[PDB]
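To keep things clear, I will list the structure first and then write my remarks on it.
A note on names: the letters A, B, ... follow the listed sequences, proteins ahead of strands, and every chain is numbered from 1. We count ligands from 1, going down the list as the structure has it; atoms in each ligand are counted the same way. Just so you know, these numbers use all the heavy atoms, side chains as well, and skip hydrogens, waters and symmetry mates.
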Number of protein chains: 2
Amino acid sequence: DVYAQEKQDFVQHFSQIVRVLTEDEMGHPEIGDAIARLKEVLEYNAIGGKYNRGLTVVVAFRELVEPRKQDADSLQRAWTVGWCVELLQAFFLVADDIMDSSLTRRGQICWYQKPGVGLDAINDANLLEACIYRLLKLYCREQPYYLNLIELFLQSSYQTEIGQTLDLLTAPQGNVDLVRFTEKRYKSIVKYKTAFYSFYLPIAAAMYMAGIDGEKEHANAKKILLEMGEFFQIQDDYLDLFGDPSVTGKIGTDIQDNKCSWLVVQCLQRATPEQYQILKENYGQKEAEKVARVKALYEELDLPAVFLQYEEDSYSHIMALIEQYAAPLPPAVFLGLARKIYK
Amino acid sequence: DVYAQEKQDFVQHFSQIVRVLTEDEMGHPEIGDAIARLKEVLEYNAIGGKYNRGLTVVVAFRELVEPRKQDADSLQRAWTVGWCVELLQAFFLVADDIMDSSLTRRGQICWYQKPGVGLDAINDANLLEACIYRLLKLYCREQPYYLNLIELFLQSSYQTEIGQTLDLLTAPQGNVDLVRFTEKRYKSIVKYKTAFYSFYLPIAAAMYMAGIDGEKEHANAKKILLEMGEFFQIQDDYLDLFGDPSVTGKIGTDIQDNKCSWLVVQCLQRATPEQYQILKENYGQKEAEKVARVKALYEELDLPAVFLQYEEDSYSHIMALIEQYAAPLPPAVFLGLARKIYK
Ligand SMILES: O=P(O)(O)C(O)(Cc1cccnc1)P(=O)(O)O
Ligand SMILES: O=P(O)(O)C(O)(Cc1cccnc1)P(=O)(O)O
Ligand SMILES: C=C(C)CCOP(=O)(O)OP(=O)(O)O
Ligand SMILES: C=C(C)CCOP(=O)(O)OP(=O)(O)O
Ligand SMILES: [Mg+2]
Ligand SMILES: [Mg+2]
Ligand SMILES: [Mg+2]
Ligand SMILES: [Mg+2]
Ligand SMILES: [Mg+2]
Ligand SMILES: [Mg+2]
C-alpha cells in the first residue's frame, strides 16, 4: 500500500514540526509558558488520527513530481505541507467538539473536556490555525507556489466555516423541525463542511507544488474529489450511530444534537406518518432511551442496508469520474485515495 | 481633529464591505442561509466601536502617501484595509468575551449571550477572521504590498493568540496564586495580547501600502507603538473596575476571572501582609460582596491616583520616543494617535 510506505517518514517528521514551532521561544523567553502550552496542544490534538489528508499530500507529490526533483529539501517541504493539512484538521475538530458537545476524540477525552482546559480551548484551536502559516512561511516562502498555498489554505478554511455555519443553522438545539432535513440541504452542508478541506485541499496542495496551477486541471480534480468527500461524510454520519466507539474513537452525538445526518434524511424519505411521529418525538434529545428509539426505527427501515448499497453505487460512480476527469493526472493518485477511504 | 475628518468616509464604506462579502451568494444560492448569518455577525460585531485601529490605517495612509497617489482606487483600498483591522478586532473580542465570561460589549449583550447563539459564536468568530483575507484578495491582490499585508495580519494574529494564552494561563479559574502577578509578567502579557495588533499593525499596514518596507523603519515604529500599547491595556484594566459601564459599554470581570490586571499587580507592590490576606481571600470569586472588598482595598491604596500619575509619566515618555524614533516618518502620525488614546 503506497500510503503505508510513506507513513513512517511522515509521522516521524512531526518531531521536527514541534521543534521548529517551539524554537520561537529561543529569542523570547518571556513567552515560554505559552510555547509550552502550544506544544501540549499540538501533541494532544494533531496526533492519533489516520493521517489520510496529510499522507495524501505526500503520496500525490511523489506521483506528480519528476523523481529528479524529489531531493531532501523538496521532500521536507512535502511532509510539512502534509502536516499543515493535519493542523487544519486539528483546528476544525477542537472547535467542532465544543460546538457539538462531544466527549471523546481519537480514543481520548476531547481537549475542551480535559480538566482545567474548558473554553480556553477556543484560543488553543486558533493557535493551531496560526501554526499552519508559520510552517508555510518557514519552509516554503522562497518557493514559486508559496502564495498559491497560502490562498488555498485560507479559501479552504472559509469554505469549511461556511459549511459549519450551515451544519449548526440546520440543527438548532431544542427546535425539531424535520422538514428542513432534505437531501438538497444535506448535500450543500457536506460539500462545504467536509469535501473541500478533506479531499480537494490535499491534492490541490500537491498540484501547486508540482507546478500544476491550471484552472482546468483543478476543476477536473474537484469533480472527482468533492464526490469522494460527500461519500466520506455519509460514512461518518452512519458511523456516528452504527460504529463501535472503540474503533471510531469517538462517541456519537448526531441524534442528541438534532443534526441533519444522512441517516435522518434517509429515514424521512421512507417513513410512514406514524414512523415520522416517532422521530419527531425522540429526535434532538439527550435521553438515552429516546436515542435508542430512533436507532430502532433506523434499524426497522433497514438504513444499514441502504448505506451498504450507497457505498457500492458511490464507488462505481467515483470510478467512472476517474475514467473521465483524471487526465492529464495519473489515475493512481485518485485510485490510491479511493481505496484508502472505501476499503 | 484628523480622525474626525476621515471618520464619516470610513464608516460609510462598511456598506460596501458587507455588500461584496455577501455577493459570494450570487454564484451559490445553496449557501444563502450561511451568508445571511455572516451578515448578521458582521453587523452585530464589527459596528459600534471607536474605530481607532481602522481609522489609524487611513489617517496614516493619507499622511504617508503623496497626494498624487491618493486616487479613488487607492483610497478604497485604504478604507478596506482599515476595515480588515476592525474585523480582526471583532474576531478577537467575540472569542475573548466567551473565554472571559463577559456580559456586554459596546453597550449590547455579548454575541454569545444572545439567545440562540451560544457556543456557535466560536465559528462566527472564525468567519470574521476569514473575511479579512477575502477582502485582502478582492481589493489588494494585484498590488505590490499584497503578500506583505497577508503576512502582517497572520503574524499579528499569532502574536495576539500567544498573548491570550499567557492571559489565560496566568489566570486559572479557582486557583488564586498571587505570586504569579508580577510586573514582568504583566508587561509580557500586554505586549503580545494587545500592543502588536492594536498599535503596530494598523500603522505597519499603512507603511506597507506606502512602500515603506524597510526593516529599520518598522523597528523604529515598533519602539513607539508597543509602548503606547502597554499604556492602552493599562487604561483598559483600570477601566474594568473604575469605569462607568454606561460609557465603556462593557461590564468588568477582571477580579471575578482572577486576571493579572495592572491593578492587582500594583496592589501587591503596596500591600501590607494584612492587605495581602484580604486580596487572597476575595480575589477571583464571583460574589458581588467579595469583588466590592477588593475595590475598597484598591481605593485604600489610592490606585486611582497611581494610575493618573502613570498616565502622565507614560505620555511624557511616549513623546520622548517620538522625538527620537519617528524619523523619517512624519511625527504627526504618532502624535495624532497619541492624542486619540490619552485625551
Ligand atoms: O468527527 P465528527 O465530530 O463526527 C465530524 O465529522 C467533524 C467535522 C468537523 C468539521 C467539518 N467536518 C467534519 P461532524 O461533521 O461534527 O459530524
Ligand atoms: O475589552 P476587554 O474584554 O476588557 C480586553 O481588553 C479584550 C482584549 C482581547 C484580546 C486582546 N486584548 C484585549 P481583555 O484583555 O479581555 O481585558
Ligand atoms: C471530516 C470528518 C468526517 C472528520 C473526521 O475525519 P477523519 O475520520 O479523517 O479523522 P482523523 O483520522 O483525522 O481522526
Ligand atoms: C485591546 C483592547 C483594550 C480591547 C478594547 O479595544 P477598544 O477599546 O479600542 O474597543 P473598541 O473601540 O473596538 O470597542
Ligand atoms: Mg462533530
Ligand atoms: Mg460538527
Ligand atoms: Mg460526525
Ligand atoms: Mg475580555
Ligand atoms: Mg481577555
Ligand atoms: Mg479588559
Notebook entry, point to check: Going from OH on B/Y186 to CG on B/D237, what distance comes out if it is rounded to the nearest 0.5 angstrom?
Noted result: 3.5 Å
Checklist line | Ring center gap for A/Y51 and A/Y3 short of 6.0 angstrom | finding: no
Note to self: Are A/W83 and A/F14 an aromatic pair, judged by ring center distance below 6.0 Å?
What the structure shows: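 Ring-ring flag for A/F14/A/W83: true, centres closer than 6.0 Å.
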Presence of salt bridge, [Y] and [X], under 4.0 angstrom:
{"X": "A/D100", "Y": "A/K259", "value": "yes"}
{"X": "A/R185", "Y": "B/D33", "value": "yes"}
{"X": "A/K250", "Y": "A/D236", "value": "yes"}
{"X": "A/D97", "Y": "A/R106", "value": "no"}

Classify the ring geometry between [X] and [Y] as parallel (under 30°), tilted (30 to 60°) or perpendicular (over 60°).
{"X": "A/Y342", "Y": "A/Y315", "value": "perpendicular"}
{"X": "A/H13", "Y": "A/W79", "value": "tilted"}
{"X": "A/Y238", "Y": "A/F307", "value": "parallel"}

Notebook entry, point to check: Tell me, which protein N/O/S atoms are under 2.8 Å away from the Mg ion (ligand 5)?
Noted result: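 Only A/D96 OD2, A/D100 OD2 fall inside 2.8 Å of the Mg ion (ligand 5).
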Check: When you look for protein heavy atoms under 4.0 Å from ligand 3, which residues do they belong to?
Finding: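 The answer is A/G49, A/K50, A/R53, A/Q89, A/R106, A/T194, A/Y197, A/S198, A/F232, A/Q233, A/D236, counting any residue whose heavy atom sits under 4.0 Å from ligand 3.
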Notebook entry, point to check: Would you say B/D236 reaches the Mg ion (ligand 10) with an N/O/S atom under 2.8 Å?
Noted result: yes
